[PDB]
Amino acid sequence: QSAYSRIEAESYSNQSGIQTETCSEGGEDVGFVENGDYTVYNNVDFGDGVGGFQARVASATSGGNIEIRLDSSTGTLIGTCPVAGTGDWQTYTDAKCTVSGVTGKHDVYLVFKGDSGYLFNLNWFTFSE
């Protein structure tokens, strides 16, 4: 799958600790996110050109960070996307960050880190050139 496509969060290959649920904007979100949870998207093709990451997120708390790691849940970090409260678990906004240069095909781990409690819900994400 292309890094530059819209990747629905619920389309993960593997996950730890989360649950999918009905998303107010349509489709599903990955919710029940606590510090240390993650989702994995296999065989993402970055080509040569990546510069950024955009995630569609909601949070009734104070959010947290999405660590973007390659090939394992503790693997090389290529960006950390800050996520901020939106006042409701089903009112979404765009969280965005820069991403270090990378090439080729990798399994992408989105590793959710933050304070105590639930962090945010993730509807979909994408990378930008």
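All residue numbers are counted from 1 along the displayed sequence.
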Practice problem: On mean C-alpha B-factor from the PDB entry, just flag whether 43 to 51 or 97 to 105 is the higher one. | Solution: 43 to 51
Self-check item: Lowest, middle or highest third - CA B-factor, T91
Solution: middle
Quiz item: Which third, lowest, middle or highest, does the CA B-factor of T22 fall in along this chain?
Solution: lowest
Exercise. Divide the modelled residues of the chain into thirds by Cα B-factor and specify which third, lowest, middle or highest, holds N121.
Key: lowest
